[PDB]
Structures are given as C-alpha cells and as structure tokens.
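Residue numbers (the working numbering), protein chains in the order written: chain A, 2 to 124; chain B, 496 to 616; chain C, 25 to 191; chain D, 17 to 256; chain E, 20 to 257. Reviewing the structure listed below.
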Amino acid sequence: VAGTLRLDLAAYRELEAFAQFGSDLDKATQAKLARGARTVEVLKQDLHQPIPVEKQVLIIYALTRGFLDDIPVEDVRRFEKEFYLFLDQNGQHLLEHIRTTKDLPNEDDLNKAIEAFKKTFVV
Amino acid sequence: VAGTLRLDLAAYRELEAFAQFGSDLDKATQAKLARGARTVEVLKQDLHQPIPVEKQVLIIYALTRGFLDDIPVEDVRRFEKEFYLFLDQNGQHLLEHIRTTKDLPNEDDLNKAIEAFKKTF
Amino acid sequence: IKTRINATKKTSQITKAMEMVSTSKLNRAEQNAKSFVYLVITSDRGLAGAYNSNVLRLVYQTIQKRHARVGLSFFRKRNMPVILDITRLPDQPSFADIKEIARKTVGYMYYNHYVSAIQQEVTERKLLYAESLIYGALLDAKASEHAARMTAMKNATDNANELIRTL
Amino acid sequence: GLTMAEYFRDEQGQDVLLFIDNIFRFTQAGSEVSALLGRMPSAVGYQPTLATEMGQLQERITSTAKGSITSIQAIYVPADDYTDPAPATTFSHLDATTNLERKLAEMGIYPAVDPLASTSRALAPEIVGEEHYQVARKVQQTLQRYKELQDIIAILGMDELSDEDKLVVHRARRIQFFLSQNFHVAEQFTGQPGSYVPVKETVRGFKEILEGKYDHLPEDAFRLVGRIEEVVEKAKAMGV
Amino acid sequence: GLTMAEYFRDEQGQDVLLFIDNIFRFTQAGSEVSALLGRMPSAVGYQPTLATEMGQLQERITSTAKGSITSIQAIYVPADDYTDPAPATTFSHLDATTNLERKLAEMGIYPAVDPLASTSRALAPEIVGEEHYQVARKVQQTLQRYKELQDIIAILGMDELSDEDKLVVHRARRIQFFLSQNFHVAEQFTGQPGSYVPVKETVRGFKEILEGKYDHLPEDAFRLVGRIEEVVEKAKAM
C-alpha cells in the first residue's frame, strides 16, 4: 500500500496551490485534490500516541482503495479514531492475520468488514 | 502632519513592487501611488537650501490634505518654491503663529490660504 | 544583491498569484463558452503578452491597406476616430449587457480565437442573427485573453525563476 | 540581574520576572571580551564559547520547587539576519518567541507584533483550552489568507474576489487593527491612556470579531483600543 | 615623480600636469613587503597601515598658493571589486573620479566610463552652469531609470512597459551609445581618426538627445562618434 499512498500524496502535494484559488480544474484534478486532502488528514497524528503497524496498514488500505472519498475532509480523523477501536473489538481476525504473516488479509473479508463499519459509522 | 506623512509613505512602500503593472492597476492602488509620487517630489530639496520649520509644516500640510493631487507631479518642486514666496507675501500671520505657539494654526484659515494660492498658481 | 534577489522573488510570487488567478478565470470562461458552444475586440487590462499586440498590429495593417483601456489607448495614440466604445466590460456578460452595443453597431470584426497552449490566433468576419455571432466572438475573445494572460504570466514566472537561479 | 531575580524566586517564593535589555548586546560584549583575551573567533567573528555562555545565562532562569522565574528578553536582529549567531543561539532557549516587525509599526500597529511569525510553546488546547486554541488558530488562518490575497487585491479590484474572499479580507482588516492596543507607556508618546485586557475578554473579543457580529463597524474603530466594547464606544465616538 | 613635480610647483610656481599610470601598484608593493617587515595582516591581507601610507603620499599631490598641480592617476581595481581596501581608501583622496566598468567595455562602449558611479566635485550649478548641471543630472536619472527597468524588461518583457518607460529605454540606449566616442589613441585599435568634442557641443548634443530631436536615428549611429552631427553623418551611411 505504500506505493499507492506515495502516488496520490505526491500527485496532490505537487499542486495544492492550484486548488486554494477556486474554480477547480478537470474532474480528474478534482478527484486528485479530494484524495490528497483525505491523505493529508489521515497522515496527521495526535502527538505522543503511536499507532500499531497492523492498524496502519489497514487504515491506509481503507484510504487508498477509494473508501474515504465519501466522507467529509474534517471527519476522516474521527473516522480513523472509530475505525481503530472497531477493528480492535469486532475486526480481530484481520489484525491477527496481519500480525501472524505480515501480509494483507483476504481482500473480500477486509472489504466487507470496512464496508459494514462505514455503514454503521455516524458521520 | 508628520504622522500622516509617515502613514502615507508606509502605504506607498507597499505598492512600489506593483508599479511594474502601474498602467492597469486598481483605483485605490493608483491613488496611493500618485500620493507617494507627489510625496517623493515634495521631499526633494537642493544643496545648501535650508527651509524654515513653519514652511516645512505648511508644505507637508498641503501635501497630506490632498491639495497637491490635482497639479502635475513634475511641477511639485515649482509649487514648493512659489507657495513659499506666497507665504512670505501673505501668510506671515500663519508663520508667526507657528513660530510662537509651536502648534498648527487654525485649519480653515490655512485651507483658505492654500485655495487662494492654488487660484494664483 | 540581497534586496535585488528579494525583489525578484516577490515579483515571482506576484506572477504566480496572477497566473493562478488567470487559470481559474480561464476555466470559468471556457466553461461558459462551451455552455454557449469595423469592430475590434480587445481586453481592458494588459499583461496578456502578445494577445493585444497581434490584433492591434494586424488591424493597423488591414486598415492602412484596405481602408487606406489597452484597446482604445492604441487608437488614441494612433490618433484615429471611432464611433462606439464599450471599454469597461464584465467578465461574464449577460445578453442584455452587450445587446444594446450590438444594436447600435448593427444599426467586419476582428478578434482572437481560442486554441490552447499559446495557439490563439486572430480572425476576421465580414457581415454586412449578427448579434449572436458578436456574442460568440466576444466569448471567444475573453477565453483567449484569459488563456493568453495565463501563458504570458507563466512565462514571466519562469523568466523570474531563471533570473533568481542565475543570481 | 539574574542573581537578584534568583534570590527573589528562592527566598521569597512568589513568581519573579527578569527583563533583559538586549541579548544581542550581551553576546557582543562576550565576543569583544573573547577577542580581547585573544581567543580565535568563530562564525562571524563571534566568541568560540558563545553557546556555552548563552546556556550558562539562560539555564539559571528556570522554575524550581521553591519558585519560578519568568524571563522576557529583547533580541536585536542585525540587518534582519535571523541566522546571525546571537539570535539563532537564543532561539534554542525560548519557550515563546515574539517577532516585532517594522512594517506593522510604520502602519501604526503596536506593539508591531508579527501575528504569523510569533510562536509559543503553549498554544495548544491542553494548556490554554480548546476555545482559546481554536480562536488563535482561526485568527492565524484568516491572517494567512489575507496575506496570500494581498497581491490580488493590490492588482485586481476587490470585486474580483469571491464572496468568501471578500468576507475573509473584511474580517482580516478588523483583526489586524484589533491586535493593536493602547499602551500604558505610550501615553508618554501619544498621550492617550492605555488599557489592560484579560485573556478571557481577549478571546471573547476575537471570537465576536470572527463571528461577524461587527462587520458593520469601520476598521478605524479597532485601531487602538483595549476591549471590543471599547471598539463599539469608539465607533460611537466617530459618529457611526 | 612627486618630488620632480613638486619642485616645479614650489620653486618655479608653474602649472604642472602629473600623470601616474598606476598608483595602486604603490599600495600593492607596500602590501608585498608588509608581512616580511613584521606587521600583522590587516583585512584582505593588506598592510595594517594602508590608509596612513597612502595618505602620506596622496596629500603631497596637491595644489598650493605657489602653483597648481593637475594630477591624473589611474587606479587598478583587483578582481573587479571596487570594495577592495585599496581603491576604497583611494576614493577619499580625489576630486574627480572616473570608474571604468568591464561590463561596458565588453559591450563596445569605450572609454567604458561608468556614467553613474563616477562623480566629481565640479558638477555644481555654480561651477559648470545651470544648463550643464541640468542636462548631466537628467542624463544620469535616465540611465539609472533604465538600469532599474532592465530587470522588469527581463522578467515581464518590453511590450508590458508603459509608453513613458518605452521612451525612457529608447533615449537611455541612445544616450549610453552616444556617451562613447572615437579616440585618437584608438587609431591603431580602430583605423579611425579621433575626435575632440567641446563641452558646449557635448551639452548641446545631450540636451537635443533628451528633447527627442534625434529619436528616429538608429542607435547604431551613436557608437564611437564625435559631435552630434557626426551621428547623422554616420546615419547617412545606412
């Protein structure tokens, strides 16, 4: 997931100055701007509290594969905060598999888990 | 009058870099640029030509109050010359008041003197 | 030298702001145009590089051969008589806004035409309905003007950056 | 002066403040002393032991179990060179740094504090509260946006700006003047009596300004006052 | 050489012309032996006593009630740096100063005299007259304005300039070229005979250039020329 994260982050970071003056460019540019806003809001952390790597890979999975694009920019931080404890409670199998083998969980399983969380998430 | 002059120059130094586009700038920016040009012409002096304090105060008052915004820029120096003689002809009371009380004279009389000179000019 | 480099950097920042504004305004202008899609149509403000110069020189040649505020200033400095002026004009003109001007003119137009990436080109039309074609020409001219200003201002930004790199 | 302040901190207990005229002149005195002693210069001619001496000064200004010493030190930055050894070395001991800009001072804004270059260790909710931090950050964002829009408003008219840009500049001028306050000591210079503004009333006034409650007051009302109630009183005084 | 000229000034009272083709080499040679004499290095490795040693010489080169001495000294500038201690210290010993610029020399403008940085005590309205002072100051102002406009021209361009700035650039190029003249000693370097321009002719020509009398003439005609009529004579050749 680091490669895709780098691609979108660099694409948005190269051109953030264009957006701030309004009257956005082509729809691809608008999508890049939205994805980059989500990316920068995701990578912001709250001071002395680290995040376990098992949580990092799954939150970046949620970010990169086009799932946070339906969430307002300011609310993705609270989305991450709720995602962490939701995975700790009801998503222990994905995190356990990440711990055991250091590879992503089965695509359909993590997809349905995060889709259910998005369904129950209160935006 | 020097407080207002400092404010004018501070405003003018904020629009020098935009003078490169000065042909097609904003109305307020153009007014500030014109006032700055008049100011830098007013502050120009010649060698071995001291000016009495009262006449400095009066010319700075005329500049700040906007009486010089109608005359052309290149004439300002000539203005600053002739007006002085005008004072020594007619505005002796204003100069004497400034020299005695060390304070600005009545402002409506000063405006009337300025208007009379502008009619003369 | 420090004052020189600082002034050039500030000028570069000003040009960057101008070209970003020009990009946004060009987006709005060509969106409006594609929603929709003698006389001389020229911009009010300059800074458009050779956008105005090409039209003015070409109309000078064509008037000198056939006929034997940056738009009207050229004619005044050329000391020529004109009938109608609409110097100040909104970026997005309502049909009623230029409708009256079209009515008085119609009671031979020259304008820029939009091809992106420094490819705007001058164009002619002889006419004598027509008000619609004048509207299309004006919208095309506004879009081409915004594009030309963006291109020229980006060129100025690169020139300033080259100067600051040399220094 | 530090010895006097440290006695007052320890044997008297209550908080003691130590104001220092200029740190730059202390570093230059040290540099001249080293040069007279014959030691080899470092950086821009400065003493080799500059960091050691500045530490030995600034490390005795600490809050201990007996009491606390607050310190306010003025630093002269030569030629606007913040990379000079004296200011750069001072930067490593300062919890809060306030930048005084001549551009604001020429505009009448006093204390000519740079709003965007002024940094504090304690501008976080955990020390000042969520409301204080939120208000400060909103003011910083508005001033930054106004600074960015300076060039466009200078070249193009205010009409070219959108409604939100117009609003942000409209409020930004009000905040810009409102950060200036009449000084108790400036009665020496300008004669006007000064004022003292509690932090709670400060954040209340800035919040009210940011809320749009006073977009109808002309900016000169906020020129040099203590409280936003004083802004209303001055606006009444001008005849609005 | 100073002793030889000083005898003529003092014991004869005759006007003297004292030429020194490089007075900087005196300072340089004093600096060469400075370290070996036993003196600590000063700034830029010069002598600690650069100023005093130079003053003890330059103060003898002077006019007296017995007689006048017109002294012309050429001063070499190391590494093309006018802020070097020797030229900087020398600048305070001279009435008139001519600054020769490498940039002007590379452009074919000879004598490569810097029109701005070179100033003399004699440029006063009561010494050279009001007309001469006015035209000289206007020329210098125009050239300084052109120098400041050069950066805007580089960044923005030529078309973005205002009409007044375009006229300023035009007349500034014309003046900067016209400030050059063919030298007599330039014969072997040019094959062209030299020229002698009276001060009246110089002032009249520059006053006419600033007025716009010779706007239409191509700038090429203004290089290595004598009086202003020689400019139109060169223009007939094109």
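Cβ coordinates follow ideal geometry from the N, Cα and C atoms, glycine included.
Compare the C-beta of residue i with all C-beta atoms of chain E and state if any pair is closer than 7 Å.
i, result
"B/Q515", "yes"
"C/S77", "yes"
"C/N30", "no"
Just the C-alpha distance for residue i and residue j, rounded to the nearest angstrom, thanks.
i, j, result
"E/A98", "E/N41", "15 Å"
"D/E147", "A/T5", "38 Å"
"C/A57", "A/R36", "29 Å"
"D/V213", "B/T596", "38 Å"
"E/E238", "E/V188", "12 Å"
"E/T83", "C/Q37", "60 Å"
"E/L180", "C/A154", "37 Å"
"E/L21", "E/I91", "12 Å"
"D/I225", "C/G131", "55 Å"
"A/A29", "A/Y13", "11 Å"
"E/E145", "E/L243", "31 Å"
"D/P209", "B/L510", "34 Å"
"B/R572", "B/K550", "14 Å"
"C/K128", "C/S67", "20 Å"
"C/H137", "C/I110", "20 Å"
"A/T121", "A/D47", "24 Å"
"D/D181", "D/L159", "12 Å"
"E/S137", "E/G176", "30 Å"
"C/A184", "E/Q207", "43 Å"
"D/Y162", "C/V94", "30 Å"
"A/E81", "A/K113", "17 Å"
"B/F513", "C/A41", "13 Å"
"B/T534", "E/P134", "28 Å"
Would a check of beta-carbon distances place residue i closer than 7 Å to chain B?
i, result
"E/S181", "yes"
"C/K166", "no"
"C/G160", "no"
"D/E235", "no"
"E/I146", "no"
"D/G17", "no"
"E/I91", "no"
"E/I88", "no"
"C/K34", "yes"
"E/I171", "yes"
"D/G221", "no"
"D/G207", "no"
Taking only beta-carbon atoms, is residue i less than 7 Å away from chain F?
i, result
"D/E122", "Among the chains of the structure shown, chain F does not appear; the protein chains present are A, B, C, D and E."
Looking at the ligand FMN, does it come within less than 6 Å of residue i, judged from the CB to the closest heavy atom?
i, result
"E/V63", "Of ligands this structure carries none, so the ligand FMN is not represented either."
Compare the C-beta of residue i with all C-beta atoms of chain C and state if any pair is closer than 7 Å.
i, result
"B/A529", "no"
"D/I244", "no"
With which residues is residue i paired in a DSSP beta bridge?
i, result
"C/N136", "C/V146"
"E/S199", "The partner list for E/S199 (beta bridge, DSSP) is empty, contrary to what the question assumes."
"D/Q89", "D/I36"
"D/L116", "D/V129"
With a threshold of 7 Å between beta-carbons, can residue i be considered close to chain A, or not?
i, result
"C/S67", "no"
"C/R52", "yes"
Would a check of beta-carbon distances place residue i closer than 7 Å to chain D?
i, result
"C/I38", "yes"
3 or more residues per run - each beta strand (DSSP E) lying fully within the region 38-121 of chain C = none
Decide yes or no for the touch test of the region 116-128 of chain C against the region 75-89 of chain C: beta carbon pairs closer than 8 Å, at least 3 of them.
-> no
4 or more residues per run - each alpha helix (DSSP H) lying fully within the region 122-160 of chain E = 144-147
Are three or more beta carbon pairs between the region 150-161 of chain E and the region 220-230 of chain E nearer than 8 Å?
-> yes
Report yes or no: do the region 26-36 of chain D and the region 101-116 of chain C share at least 3 C-beta pairs separated by less than 8 Å?
-> no
Using 8 Å as the threshold, is the region 537-551 of chain B in touch with the region 516-527 of chain B, meaning 3 or more CB pairs across them?
-> no
Answer yes if the region 42-49 of chain D comes into contact with the region 65-75 of chain D, meaning at least three C-beta pairs across the two stretches below 8 Å, and no otherwise.
-> yes
At which residue ranges does the region 23-78 of chain E contain complete beta strand (DSSP E) runs of 3 or more residues, listed in the order of the chain?
-> 35-39
Between the region 18-25 of chain D and the region 77-91 of chain D, do at least 3 Cβ pairs fall closer than 8 Å?
-> yes
Below 8 Å, can you find three or more Cβ-Cβ pairs linking the region 577-597 of chain B to the region 30-49 of chain C?
-> no
Are the region 154-164 of chain C and the region 88-97 of chain C touching by the rule of at least three beta carbon pairs closer than 8 Å?
-> no
Residue ranges of each alpha helix (DSSP H) run of no fewer than 4 residues wholly in the region 34-72 of chain A, ordered along the chain?
-> 54-65
Entirely within the region 178-230 of chain E and at least 4 residues each: give me those alpha helix (DSSP H) ranges in chain order.
-> 182-197, 206-209 and 218-230
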